[PDB]
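# Coordinate analysis (summary)
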There are 2 protein chains.
Amino acid sequence: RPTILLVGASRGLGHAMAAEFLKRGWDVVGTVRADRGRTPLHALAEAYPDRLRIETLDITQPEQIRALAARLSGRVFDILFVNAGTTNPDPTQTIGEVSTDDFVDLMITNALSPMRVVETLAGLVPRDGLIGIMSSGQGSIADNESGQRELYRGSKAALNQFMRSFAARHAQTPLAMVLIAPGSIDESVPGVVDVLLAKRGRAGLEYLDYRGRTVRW
Amino acid sequence: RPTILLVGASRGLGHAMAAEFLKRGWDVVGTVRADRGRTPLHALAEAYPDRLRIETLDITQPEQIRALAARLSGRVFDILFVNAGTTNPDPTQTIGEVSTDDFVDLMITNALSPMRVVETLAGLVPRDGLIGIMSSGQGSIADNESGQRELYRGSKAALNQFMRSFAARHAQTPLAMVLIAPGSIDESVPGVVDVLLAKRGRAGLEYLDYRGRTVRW
């Protein structure tokens, strides 16, 4: 059975993607923070005790990402998917209004830390494997005609740019990469997984939404 | 005589732009850090003592930007141009390699702080005036086929996105805005100034290089 390493799978879209990959016959290794009591991912492992493994990880600590990579060494995953990021509690703040702490925290959680996950765990994917990262339609600079969610938008545009440079470093390889714009969950998640499955084996980085359409950068 | 407020004018491209605006008959108010001994901008003021004024400002301290805005209150500038940013000393670092300090420092200097300058000093420009910000061709996400300078690229893409949201907030107004890709200095700076002068009175935000060509986002 094919295997996916899904970073950030405790709740929300991450838990839904784990269940959807399980539904399609994949084995899943999903990560959560250890300092949570009990998450939907723990319930899902009780329903799939043979096919879902849970690992704990705070991705804002690079040593923990490295420790996870060392623990999984020798293991090969067909997909690495990074589902990392959050929002500011008041997304209506303008960039001129946010505190320095607001700005630093969200840039670290949404752009630096997912890229560190990709770079550190990339070795657990075959040279022709797939690495996917949860981005957002808000990260598209061409599409930003309306503003709003200003800090979040900037964090996701930096993420997309960082990933394009990572892709450039792999331009001579058959590595497949995708930034996903997820676009309730039952309407979005089956598509996201369709898109990931359809992207396997197609080398290079694309920016794709949950219906598989190219998102302008 | 028309007037420009040029933030970041001590040296390099900023000093060259001040001299070029002076050459074309503008009055200039340029800013430098106070904790520098003597800069080319000080030499330029000795050559243009009636038409160049120097103000001191560290733009990474928001209180200082606010103090400058209060000092200039009542004054009207036809152009506000923000020339703010730096690079990492080792631009060949991958995003996975940079220290958290590297990342935070450059995101603050290159994306948060220039946007705070724009937002705080925007009131010193007429409603139909021009605000320009020094971006880079490295900030274009569509154009990033080659990577390199990875941290710098991400800082400038976040800047461009932040500015697009600021533009959205002014969509109903005749404010003119431009992100400049400067593309030695004698080949670039006269063009940059041509582009700024040609952009006055054309409302909305554009991403433009020193020859006036649209840069893809």
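Structure report, in brief. (Residues numbered from 1 in each chain as written, not as in the entry; some residues may be left out. Chains lettered and ligands numbered in written order. Heavy atoms only, no water. Residues with missing side-chain atoms left out of burial classes, pairs and counts.)

Looking now at the pairing of strand 2 (residues 27–32) of chain A. Strand residues, when the strand is regular, have side chains that alternate between the two faces of the sheet. Residues and elements named next belong to chain A. The element strand 2 is extensively covered by neighbouring structure, given that six of its six residues are classed as buried. The alternating pattern of strand 2 places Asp 27, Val 29 and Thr 31 on one face and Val 28, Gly 30 and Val 32 on the opposite face, and all of these are buried. Here four bridges tie strand 1 (residues 3–7) to strand 2, and the two strands are oriented parallel to one another. Its bridge partner lying in strand 2, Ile 4 is registered against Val 28. Note on the crossover from strand 1 through helix 1 (residues 12–23) to strand 2: the handedness is right-handed. With five bridges joining them, strand 2 and strand 3 (residues 52–56) adopt parallel strand pairing. Of the residues in strand 3, the one forming a bridge with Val 28 is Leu 52. The handedness of the strand 2 to strand 3 crossover, carried by helix 2 (residues 40–47), is right-handed. (Buried < 20%, exposed > 50% of the residue type's maximum accessible area, 1.4 Å probe, protein only. Helix = DSSP H or I, 4+ residues; strand = E, 2+ residues; numbered from the N terminus. Pairing = 2+ DSSP bridges. Right-handed = clockwise from strand over helix to strand, strands pointing away.)

Quick look at the nonpolar core now. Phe103(A), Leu121(A), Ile131(A), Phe103(B) and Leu121(B) are the most contacted members of the largest nonpolar core, which totals 99 residues. If sequence neighbours within four positions are ignored, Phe103(A) has contacts with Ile95(A), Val98(A), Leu151(A), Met107(B), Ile108(B), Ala111(B), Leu112(B) and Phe162(B). (Core = buried A, V, L, I, M, F, W, Y, C linked by side-chain atoms within 4.5 Å. Contact = heavy atoms within 4.5 Å.)

What follows deals with the packing of helix 4 (residues 100–121) of chain B against helix 5 (residues 150–169) of chain B. Residue and element names in this part refer to chain B. Relative to each other, helix 4 and helix 5 sit at 25°, their axes nearing to 9 Å. In terms of orientation, helix 4 and helix 5 fall into the roughly parallel class. Where helix 4 crosses over helix 5, the two elements pack in a sense that is right-handed. Note on element contacts: helix 5 touches helix 4 through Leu 151, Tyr 152, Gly 154, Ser 155, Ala 158, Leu 159, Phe 162, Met 163, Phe 166 and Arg 169, opposite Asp 102, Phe 103, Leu 106, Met 107, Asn 110, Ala 111, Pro 114, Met 115, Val 118 and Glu 119. (Axes fitted to C-alpha atoms, helices over the stretch in contact; angles between N-to-C directions. Parallel < 35°, antiparallel > 145°, perpendicular 65-115°, else oblique. Left-handed = near helix turned anticlockwise from the far one by under 90°.)

Relating the two copies of this chain is a rotation about some axis coupled with a shift parallel to it. Mapping chain A onto chain B calls for a rotation angle of 180° and an axial translation of 0.0 Å; the resulting RMSD is 0.0 Å. On the angle and the small slide along the axis, the relation comes out as a two-fold axis. Across chain A, the rotation axis passes nearest the C-alpha of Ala158(A), at a separation of 2.6 Å. Residue by residue, 100% of the interface of chain A is reproduced at the interface of chain B, so both copies engage with the same surface. (Least-squares fit on C-alpha atoms.)

Residues and elements named next belong to chain A. Strand order in the open sheet made by the seven strands is 3-2-1-4-5-6-7, with parallel pairing throughout. Looking at the sheet topology across the chains shown, the edges are occupied by strand 3 and strand 7 (204–209). The sheet shows a mean angle of 20° between the axes of neighbouring strands, direction not considered. The pairing of strand 4 (residues 79–82) with strand 5 (residues 130–134) spans four bridges and is classified as parallel. The partner of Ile 79 across the bridge, within strand 5, is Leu 130.

Moving on: the sheet that holds strand 6 (residues 176–181) of chain B. Residues and elements named next belong to chain B. Pairing in this open sheet of seven strands is parallel, and the strands run 3-2-1-4-5-6-7 from one edge to the other. At either end of the open sheet lies a strand with only one pairing partner, and these are strand 3 (52–56) and strand 7 (204–209). Strand after strand, the sheet turns through a mean of 20° between neighbouring axes, direction not considered. Across the sheet, helix 6 (residues 185–199) lies against strand 4 (79–82), strand 5 (130–134), strand 6 and strand 7, angled at about 165° from strand 6, the strand it touches most.

The next thing to look at is the pattern of salt bridges. What the rule picks out here adds up to 34 salt bridges over all chains. Residue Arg213(A) is joined to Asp209(A) by a salt bridge in which the shortest nitrogen-to-oxygen separation is 2.7 Å. Owing to a relative accessible area of 48%, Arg213(A) belongs among the partly exposed residues under this scheme. Residue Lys199(B) is joined to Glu206(B) by a salt bridge in which the shortest nitrogen-to-oxygen separation is 2.9 Å. (Salt bridge = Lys/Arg side-chain N within 4 Å of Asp/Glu carboxyl O.)

Attention shifts here to the interface of chain A and chain B. The interface is formed by 40 residues belonging to chain A together with 40 residues belonging to chain B. Taken together, the two surfaces of chain A and chain B that pack against each other cover about 3200 Å², and 64% of this comes from carbon and sulfur. On the chain A side of the interface with chain B, the three residues burying the most area are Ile141(A), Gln161(A) and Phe162(A), jointly 21% of the side's total. Along the contact surface separating chain A from chain B lie four salt bridges. A salt bridge links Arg169(B) to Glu150(A); the nearest nitrogen and oxygen atoms lie 2.7 Å apart. Connecting chain A to chain B are 26 residue pairs in polar contact. Only helix 4 (100–121) and helix 5 (150–169) of chain A provide two or more residues apiece to the side of chain A that touches chain B. Element by element, the count of residues in the side of chain A that touches chain B is highest for helix 5 of chain A, at 14 residues. Residue composition of the side of chain A that touches chain B, by class: 18 nonpolar, 14 polar and eight charged. (Buried area = accessible area lost by both parts, 1.4 Å probe. Polar contact = N/O pair within 3.5 Å; in protein donor to acceptor, adjacent residues only side chain to side chain. Nonpolar A, V, L, I, M, F, W, Y, C, P; charged D, E, K, R; others polar.)

It is worth spelling out the packing of aromatic side chains at this point. Across all of its chains, the model carries six aromatic pairs over all chains by this definition. Here the aromatic rings of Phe162(A) and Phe103(B) are separated by 6.2 Å at their centres, their planes lie at 50°, and the arrangement is tilted. Of this pair, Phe162(A) sits in helix 5 while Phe103(B) sits in helix 4, which puts the two residues in different chains. Overall, the relative accessible area of 1% leaves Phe103(B) in the buried class. With a centroid separation of 5.2 Å and 65° between ring planes, the pair formed by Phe21(B) and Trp26(B) is classed as edge-to-face. With respect to burial, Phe21(B) and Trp26(B) carry one shared label: buried. Geometry around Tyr210(A) places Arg213(A) over its ring, the cationic atom sitting 5.7 Å from the centre. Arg149(B) extends its terminal NZ or CZ atom over the ring of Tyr152(B), reaching a point 4.2 Å from the ring centre. (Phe/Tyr/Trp six-rings, centres within 6.5 Å; stacked < 30°, edge-to-face > 60°. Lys NZ or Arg CZ within 6 Å of the ring centre and 35° of its normal.)

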